[PDB]
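Colleague: Pasting a structure below so you can have a look.
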2 protein chains.
Amino acid sequence: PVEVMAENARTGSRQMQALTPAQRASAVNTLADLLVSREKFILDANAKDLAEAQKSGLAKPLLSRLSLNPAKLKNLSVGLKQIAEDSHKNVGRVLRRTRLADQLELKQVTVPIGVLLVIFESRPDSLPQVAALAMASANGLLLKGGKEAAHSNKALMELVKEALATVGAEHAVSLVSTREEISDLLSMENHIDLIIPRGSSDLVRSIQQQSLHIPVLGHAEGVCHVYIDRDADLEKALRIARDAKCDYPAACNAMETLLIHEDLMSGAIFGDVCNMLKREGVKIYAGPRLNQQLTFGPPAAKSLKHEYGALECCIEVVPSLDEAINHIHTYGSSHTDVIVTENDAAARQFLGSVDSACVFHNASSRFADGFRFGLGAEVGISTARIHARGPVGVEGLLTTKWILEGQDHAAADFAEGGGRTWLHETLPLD
Amino acid sequence: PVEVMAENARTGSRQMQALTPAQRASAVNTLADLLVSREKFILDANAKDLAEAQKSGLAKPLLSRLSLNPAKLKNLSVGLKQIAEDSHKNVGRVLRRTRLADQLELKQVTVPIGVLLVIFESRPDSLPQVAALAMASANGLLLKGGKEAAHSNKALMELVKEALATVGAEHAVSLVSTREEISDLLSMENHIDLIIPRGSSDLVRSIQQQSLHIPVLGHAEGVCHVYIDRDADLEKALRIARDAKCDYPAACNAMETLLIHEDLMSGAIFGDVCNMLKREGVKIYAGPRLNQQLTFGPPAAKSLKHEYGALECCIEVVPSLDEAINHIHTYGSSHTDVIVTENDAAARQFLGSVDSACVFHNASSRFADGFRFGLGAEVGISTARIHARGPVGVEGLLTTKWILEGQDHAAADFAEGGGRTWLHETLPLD
């Protein structure tokens, strides 16, 4: 059925909960060994499914993305080994050690979350990565593919189930049928905790709209912003904008705006940046203030909160820093915002005023990739304002659970009737 | 209006965001000085509103709770001073310091959340506590009273606005009218972040049901459980159960069940515990297994997942530890579960198997009060499975915000084209 999936997943979570030292590490190690030693199967299956899906011709993104090569499998192998090696102290780690009275020691610890539900469009390289993340964060996990990558998905699922059955001995990983009336599966509760979308803009949008009363990690928009201050080296700003837009224009955190200090427009920097974008072939719009600025110029931007993905980038100009800050707050989706300058003052102003999910300074807006932060293998880009924000490592999958080991204590024994005191001496946390 | 409330609150949040060292501490200090020096006003106002609400006779809980005495104001004063003294490093604290390459140092920091919405039934002693929590966690804050405590609420709001206008100079605290079509205000979004209910079971229930697409802290049920193991001192279990149930039977974390090891039923402990509860006057039910156990016994429990609040407590009996664990998982709302014993083995079994919000061992289920954990002044009892679990201090009001201060770096400059490396050396976090 459908619900027995989630129930058995929860049972398997309770199962895996108690093996931490060197067991789940060896489990994900063996998953890597499977992924390197049994590559013929998934390879031929991906060949079959791509050849089949060619004739339907769904979309160039999907039909170009669901490919799979021995190089990508080598990449998955080394990534799984990485998770294995740096995933030794994720479950059971303590966060506090307090003493309240004689022989009563509080300590808050780490636990799984529960039954994660991963939702992605056909992308058969994710599946082992997210399964390794599950097995290293000890929580059970469901999955949900698409219409394509079906046979590849089933092959990889059999692979991960084999790799998991070695130690732990219980299969808490699953998969659901063709779209399984996604609204129905989503409306469920008491079973699943985190809808982790992974597909694309359309998918996360439909999710956040349909999902009611269940926490949904991930974002929906990627409207960056790149404020070029008045005390920034010119070619510096040039290369920053170039490397921000001209590397993965369809990515989730690529600049879809570029504000400029109105003072600096006098130094022909506008001409230079337009020349650069034109050399790179980008259809630029203009902003109402810039629209008013020059003679006839580029077309008028439809909406300032628009998302292009292709090679398009609005350009507006603001008088003062604080106006730029207000602009970013009003329009930007608080995802990823930068600033380039050589002044420390404006740097502190920005980095302490803006409320994005992550703010840079003279860096490039294409660093928010999780892997680059030295943050393991990231499982999403959280923009939600609770529990996770920016790139989420695996620690975006672990809550807390207060435990307490007294001897004989009681509740009102600490009132005037009983002679018990308070210390609150923070012990050395392990 | 209603929305301009939230917008101005957000502006005030951005305002207060940048004063941390000794300023907000002095602000909440001065709030305490107001609460101690201007007590006549709120006192007479509470007198008036209680005298008025007497004639309507709404409910004994409310009409007994909205009282207010100089002793309670002394309590609020010392609590606000406590928050002041231990609230010095809540905003701006760093959590990581990483180095990725030459002169590019990541660091994840602490921030407010946004526009908190506190919802409580008439309880005019909370208002200054939650306003102090706001002003010490730097985030703006709305409020929502009830039909009673109205004049008291307005008096205390004027008081807190005076105290806040000293430093910060912007009023980011508000209040809304009589129930303001709670569904309307709740349906809002893009403005408010945390519905923090504080009233009672009915209130949090109506909230969690009505609230769609907005994070809601707090719980809805308090079904504890007290498993008395087979190697526990008898009078120990006696006093543990007594102090668990017979201190605040209407509280949110008072035992509403008591499982016993079927082996220990042979030692007349059942007779003793029933005698104790009877001496304390508690209408006990029985559990299906206990129902089958004895001759005619106490009545049959209607539903095992019931909530009494008054002096009633089911009693069931389970054969083996693991069966007790499964029982707690199936029925209990994972709020607060204990275990009494003298065996270390079963202790580890329990404390590592059960997935409640907090698990004790030989302690009393009436410790989960926030204040007792050495956890400041608690703002709720989180049972939600994200961002907060168990008693939430003020740290349940602070997310993270990755910042990044490089010199000249770029995105594809770290591919094969540019000679830049990776270090990931975790610097000493401040």
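We name chains A, B, ... following the order of the structure tokens; residues begin at 1 in each chain, and ligands are numbered from 1 as shown.
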Where in range 86-256 of chain B does DSSP assign strand (DSSP E), given as a list in words?
Modeller: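 Those in range 86-256 of chain B that DSSP calls strand (DSSP E) are residues 98, 99, 100, 101, 104, 105, 106, 107, 108, 109, 110, 111, 115, 116, 117, 118, 119, 141, 142, 192, 193, 194, 195, 196, 197, 225, 226, 227 and 228 of chain B.
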Colleague: Create the file for the chosen residues now, containing N, CA, C and O atoms and written as a compact mmCIF listing (two decimals), in the first residue's frame.
Modeller:
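Ended up saving to out.txt:
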```txt
# COMPACT_ATOMS: atom_id res chain seq x y z
N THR B 98 35.25 29.29 9.25
CA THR B 98 35.92 28.40 8.32
C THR B 98 36.79 29.21 7.38
O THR B 98 36.52 30.39 7.11
N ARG B 99 37.87 28.60 6.90
CA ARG B 99 38.70 29.18 5.86
C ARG B 99 38.67 28.25 4.65
O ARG B 99 38.96 27.06 4.78
N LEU B 100 38.31 28.79 3.50
CA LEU B 100 38.18 27.98 2.29
C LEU B 100 39.38 28.11 1.37
O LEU B 100 39.76 27.14 0.71
N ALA B 101 39.98 29.29 1.30
CA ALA B 101 41.16 29.50 0.47
C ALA B 101 41.92 30.69 1.05
O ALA B 101 41.66 31.12 2.18
N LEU B 104 39.68 34.16 2.46
CA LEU B 104 38.24 34.04 2.26
C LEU B 104 37.70 33.21 3.42
O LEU B 104 37.86 31.99 3.44
N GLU B 105 37.07 33.88 4.38
CA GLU B 105 36.75 33.29 5.68
C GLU B 105 35.25 33.30 5.89
O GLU B 105 34.67 34.35 6.18
N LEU B 106 34.64 32.13 5.76
CA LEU B 106 33.22 31.97 6.06
C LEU B 106 32.97 32.10 7.56
O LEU B 106 33.84 31.80 8.37
N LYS B 107 31.77 32.54 7.92
CA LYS B 107 31.35 32.54 9.31
C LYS B 107 29.84 32.65 9.39
O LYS B 107 29.27 33.58 8.82
N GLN B 108 29.21 31.72 10.09
CA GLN B 108 27.76 31.71 10.24
C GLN B 108 27.39 32.40 11.54
O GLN B 108 27.97 32.09 12.59
N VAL B 109 26.44 33.32 11.49
CA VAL B 109 26.14 34.13 12.67
C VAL B 109 24.68 34.02 13.07
O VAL B 109 23.92 33.25 12.48
N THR B 110 24.29 34.79 14.08
CA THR B 110 22.98 34.73 14.70
C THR B 110 22.18 35.98 14.34
O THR B 110 22.75 37.07 14.21
N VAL B 111 20.87 35.83 14.18
CA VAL B 111 20.00 36.93 13.78
C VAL B 111 18.64 36.80 14.45
O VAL B 111 18.35 35.76 15.04
N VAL B 115 8.73 38.99 12.65
CA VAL B 115 7.57 39.54 13.33
C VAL B 115 6.83 38.45 14.09
O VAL B 115 5.91 37.82 13.56
N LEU B 116 7.21 38.23 15.34
CA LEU B 116 6.56 37.23 16.17
C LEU B 116 5.14 37.66 16.49
O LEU B 116 4.89 38.83 16.77
N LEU B 117 4.22 36.71 16.48
CA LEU B 117 2.84 36.96 16.88
C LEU B 117 2.53 36.10 18.08
O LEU B 117 2.39 34.88 17.95
N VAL B 118 2.39 36.71 19.24
CA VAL B 118 2.05 36.00 20.46
C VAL B 118 0.53 36.00 20.60
O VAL B 118 -0.11 37.04 20.49
N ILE B 119 -0.04 34.82 20.83
CA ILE B 119 -1.47 34.68 21.01
C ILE B 119 -1.70 34.01 22.36
O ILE B 119 -1.22 32.90 22.59
N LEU B 141 7.66 42.36 17.45
CA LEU B 141 6.68 41.51 18.11
C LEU B 141 5.31 42.16 18.14
O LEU B 141 5.18 43.30 18.58
N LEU B 142 4.32 41.43 17.67
CA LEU B 142 2.92 41.78 17.86
C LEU B 142 2.39 41.04 19.08
O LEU B 142 3.07 40.20 19.66
N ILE B 192 4.27 37.93 9.19
CA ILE B 192 4.50 37.34 10.50
C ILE B 192 5.12 35.97 10.33
O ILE B 192 4.94 35.30 9.30
N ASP B 193 5.89 35.54 11.33
CA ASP B 193 6.64 34.30 11.23
C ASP B 193 6.16 33.25 12.21
O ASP B 193 5.74 32.17 11.79
N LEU B 194 6.18 33.52 13.51
CA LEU B 194 5.91 32.51 14.52
C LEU B 194 4.62 32.83 15.25
O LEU B 194 4.57 33.76 16.06
N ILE B 195 3.57 32.07 14.98
CA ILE B 195 2.44 32.07 15.88
C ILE B 195 2.88 31.36 17.15
O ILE B 195 3.05 30.14 17.14
N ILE B 196 3.10 32.11 18.22
CA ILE B 196 3.44 31.51 19.50
C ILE B 196 2.19 31.50 20.38
O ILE B 196 1.93 32.49 21.07
N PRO B 197 1.38 30.45 20.37
CA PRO B 197 0.24 30.43 21.28
C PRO B 197 0.73 30.29 22.71
O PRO B 197 1.81 29.77 22.97
N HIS B 225 3.60 9.70 30.36
CA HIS B 225 3.58 8.28 30.63
C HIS B 225 4.66 8.00 31.65
O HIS B 225 5.74 8.60 31.59
N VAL B 226 4.39 7.11 32.58
CA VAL B 226 5.35 6.83 33.63
C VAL B 226 5.54 5.33 33.77
O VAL B 226 4.79 4.67 34.49
N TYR B 227 6.53 4.78 33.10
CA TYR B 227 6.77 3.35 33.15
C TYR B 227 7.57 3.01 34.39
O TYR B 227 8.71 3.46 34.54
N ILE B 228 6.99 2.22 35.28
CA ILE B 228 7.64 1.82 36.52
C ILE B 228 8.26 0.45 36.31
O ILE B 228 7.55 -0.56 36.23
```
Colleague: Which residues are near residue 404 in chain A? Cut-off 12 Å, only C-alpha atoms, ignore same chain within fewer than 5 positions. Put them as a VMD selection string.
Modeller: (chain A and resid 96 to 100 103 to 109 409) or (chain B and resid 336 to 340 347 to 348 350 to 352 357 to 365 367 to 368 372 to 373)
Colleague: For the selection just defined, write its residues with C-alpha atoms to a file, as a short mmCIF file (atom, residue, chain, number, x, y, z; two decimals), in the first residue's frame.
Modeller:
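Contents of part_4.cif, freshly written:
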```cif
data_model
loop_
_atom_site.label_atom_id
_atom_site.label_comp_id
_atom_site.auth_asym_id
_atom_site.auth_seq_id
_atom_site.Cartn_x
_atom_site.Cartn_y
_atom_site.Cartn_z
CA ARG A 96 24.88 20.74 26.67
CA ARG A 97 25.76 19.30 30.06
CA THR A 98 24.12 21.11 32.97
CA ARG A 99 23.94 20.34 36.69
CA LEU A 100 20.83 21.53 38.51
CA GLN A 103 23.22 14.23 41.29
CA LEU A 104 20.86 15.46 38.59
CA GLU A 105 22.59 16.21 35.29
CA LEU A 106 20.68 17.53 32.29
CA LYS A 107 22.04 16.95 28.79
CA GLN A 108 20.51 17.78 25.41
CA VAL A 109 21.40 15.35 22.63
CA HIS A 409 14.47 13.53 42.71
CA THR B 336 7.35 13.95 28.31
CA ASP B 337 8.01 10.36 29.33
CA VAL B 338 9.84 8.99 32.35
CA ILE B 339 11.18 5.72 33.77
CA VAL B 340 12.02 4.66 37.33
CA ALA B 347 17.83 2.76 31.51
CA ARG B 348 19.97 2.88 28.38
CA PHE B 350 14.64 3.43 27.28
CA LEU B 351 16.68 6.62 27.04
CA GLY B 352 17.94 5.54 23.63
CA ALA B 357 10.39 15.49 23.36
CA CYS B 358 12.23 14.77 26.62
CA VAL B 359 12.93 11.60 28.61
CA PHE B 360 13.82 11.40 32.28
CA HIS B 361 15.19 8.67 34.52
CA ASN B 362 14.16 8.41 38.18
CA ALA B 363 13.16 12.08 37.96
CA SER B 364 9.69 13.60 38.03
CA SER B 365 7.64 14.51 34.99
CA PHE B 367 10.61 19.25 35.66
CA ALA B 368 9.87 20.23 32.05
CA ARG B 372 14.07 24.43 35.95
CA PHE B 373 16.33 23.36 33.09
#
```
Colleague: With distances taken over only C-alpha atoms, which of B:90, B:29, B:353, B:190 is nearest to residue 15 in chain A?
Modeller: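 Comparing B:90, B:29, B:353, B:190 against residue 15 in chain A, the winner is B:353.
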Colleague: Pick the closest to chain B from A:212, A:34, A:25, A:276: which is it, counting only C-alpha atoms?
Modeller: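 Ranking A:212, A:34, A:25, A:276 by distance to chain B, first place goes to A:212.
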Colleague: Go through B:85, B:316, B:235, B:280 one by one, measure the shortest atom-to-atom distance of each to chain A using only C-alpha atoms, and give the residue with the smallest value.
Modeller: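 Counting only C-alpha atoms, the residue closest to chain A is B:235.
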Colleague: Using DSSP secondary structure from the backbone, list all helix (DSSP H, G or I) positions within range 32-236 of chain A, as a PyMOL selection string.
Modeller: chain A and resi 32-37+39-56+60-65+70-85+126-137+150-165+182-187+201-210+234-236
Colleague: In Å, with one decimal, what is the gap from CA of residue 203 in chain B to CA of residue 82 in chain B?
Modeller: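 These two atoms are separated by 28.9 Å.
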